[PDB]
Amino acid sequence: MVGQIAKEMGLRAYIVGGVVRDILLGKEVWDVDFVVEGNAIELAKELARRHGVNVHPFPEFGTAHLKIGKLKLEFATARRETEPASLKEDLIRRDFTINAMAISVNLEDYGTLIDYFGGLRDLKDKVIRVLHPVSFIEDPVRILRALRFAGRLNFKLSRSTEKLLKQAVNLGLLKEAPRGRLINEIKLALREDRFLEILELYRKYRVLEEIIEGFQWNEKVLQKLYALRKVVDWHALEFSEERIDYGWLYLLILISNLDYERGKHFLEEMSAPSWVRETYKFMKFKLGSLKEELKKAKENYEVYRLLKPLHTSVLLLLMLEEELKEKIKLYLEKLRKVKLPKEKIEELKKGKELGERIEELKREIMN
RNA sequence: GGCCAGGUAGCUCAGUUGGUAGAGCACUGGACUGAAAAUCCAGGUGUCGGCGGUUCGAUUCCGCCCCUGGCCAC
Ligand SMILES: Nc1ncnc2c1ncn2[C@@H]1O[C@H](COP(=O)(O)OP(=O)(O)OP(=O)(O)O)[C@@H](O)[C@H]1O
C-alpha cells in the first residue's frame, strides 16, 4: 500500500539498510526502514490513517514510526548528512556496502534492488567493505560494528577496510568515541550466537584493550571461552527449555582476571542484569571456596545443598572444571528430579520443622 | 528499544537465610446518644502487579507481560 500512497503524493519511497540485507539473506524481520524522497512524515501519517493505527511523528529528526500488526515501520526523510537530498546521498552516508543498498517500493519499478556501490557483489563474496577511507575516522564505533557483522554473517574484511580499520585503531580513535555508543555496540555483540567469533576479531585487532581499561588477552581466558562454548552448546542442546543469556557468561570470563573495581564499573556501564552482577560477585570471591567444598563432597545431599540455591549460570561456570563436570551433570539430569505420593506426605505432615523433616527424607533417599 | 528502581489496604509507607504478614487516618456492627461526633471493646484493614514454570509449599527463585518514574539509544 506504500507504493500506492507514494504514487498519489508523487513521491519515491525505498526499503533501506540492513532490512534489505536480511531480505537478501532470506531473513525475515518485522522492523522495516524506509527512505522517502520528499516528506516521509505525511506518508507515515496517511499510511497510519488508512490502516487505522496510531502514528508517532518526529519532525525535528524528520522521521515517523507506526506499527501495523507485528510490523514495526519507520519512515525516514532522505538526508545527505547525519536542498532535497537524493537517495544515493542518503545511502552513501552509511557504513558498509551490504548495508548501503535499497529496494524500490514504487509501483512502476517495484521489486528492483538499487545498488550503487556494488554491495550485492560484496554480499555474494562475503566481504565487509567501507564506502570511503575516512569511514572509521568519521564514526569510530563502526570499528566494532564491522567485526560484529563479520562475526554474524561469517564475512571477511577487505584489504582496504582492514588496513583502514587497523589505522583507525592505531590512532586511538576508539578512546575519543562516545562511551555509550561503544558499550551499546558491545551489548549488541554479546547477544549474537556467533559472538565468540566477534571476540576472536576483538582479540585480533585488540579493540578491547582500547575500550576496557586494564584488559589484556591470555591463553587461559581463551581456552575458558572455548570450554564455555562447549558447555553452552550442551546446555542449549539438552536443557534448552532452561536457556538463559549466554553472552554475559563470556563477558564474565573476559573480566575474570580484572580488578573488582574495574569489573563492577564496566558491568555498571554495560547495564548488566542482576543475575549477572550476582554471578560476578560470587565468581570473584566465593567461587574458589565453593570449588574447594565441591572437591570434599562425598554424599549427594551435600552436593545438593551446595548447588540448588545457586543460579544456572554459576553451575555453567562450575562445568568449566573437568572434575566437577560429571558431578554437575549428575545433579542436573538426575539428582534434583524426584517426588512423593499422597499417603506418605500425609504421614510426613502428621512450620520450618516440616521442611527440615522433608530435607531429612530427601537425604535419606539420596544416600 | 536497553537498564535501574518502585507495585503492600481507600491513601501515605517498612518487610531476605522460602514456613502460617504490619503502622498512621477512612470500613462495617454493637456498647454510648433525642440525633450526631468523639471514644472504648474490638475486629474487614490484603489471591503483597498479572500469567506460567521450579519447589511439598513462592510477596521471595526464574521466565513472559501490565502500570508508573528515572537514566538513555532514538
Ligand atoms: N554509525 C553508523 N554509520 C553509518 N550508518 C549506520 C550507522 N549505524 C547504522 N547505520 C545504518 O542504518 C541502519 C540502521 O539499522 P539498525 O540500527 O537496525 O542496525 P542493523 O544493521 O539493522 O542491525 P540490527 O538490526 O541488529 O540493529 C543500518 O542498516 C546501517 O546501514
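Easy rule for this one: first residue shown is 1, then count along the chain.
Backbone N, Cα and C atoms are what each Cβ position is placed from, and that goes for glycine too.
A:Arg21 (ATP binding site) counts 19 other C-beta atoms within 10 Å of its own C-beta, drawing on all protein chains shown. For the recorded site, A:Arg21 (ATP binding site), the DSSP three-state label reads helix. What Swiss-Prot lists as ATP binding site is A:18-21, A:94-95, A:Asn99, A:139-148, A:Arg152, A:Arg181.
Annotation comment: Swiss-Prot describes A:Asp31, A:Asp33 as Mg(2+) binding site. In the three-state DSSP reading, A:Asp33 (Mg(2+) binding site) counts as strand. Applying an 8 A CB threshold to same-chain residues 6+ apart, the list for A:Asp33 (Mg(2+) binding site) reads A:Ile15, A:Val16, A:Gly17, A:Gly18, A:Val19, A:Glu74, A:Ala76.
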| task | Taking only the Cα atoms, work out how far A:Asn99 (ATP binding site) lies from A:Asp31 (Mg(2+) binding site), in Å, as a whole number. | result | 15
| What is the total of other Cβ atoms whose distance to the Cβ of A:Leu147 (ATP binding site) is within 10 Å? | 24
| note | Filtered by Cβ under 8 Å and at least 6 apart in sequence, the residues in the chain of A:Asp31 (Mg(2+) binding site) near it are A:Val19, A:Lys72, A:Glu74
| How many neighbouring Cβ atoms, not counting its own, are there within 10 Å of the Cβ of A:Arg181 (ATP binding site)? | 15
| query | Within 10 Å of the Cβ of A:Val141 (ATP binding site), how many other Cβ atoms are there? | reply | 18
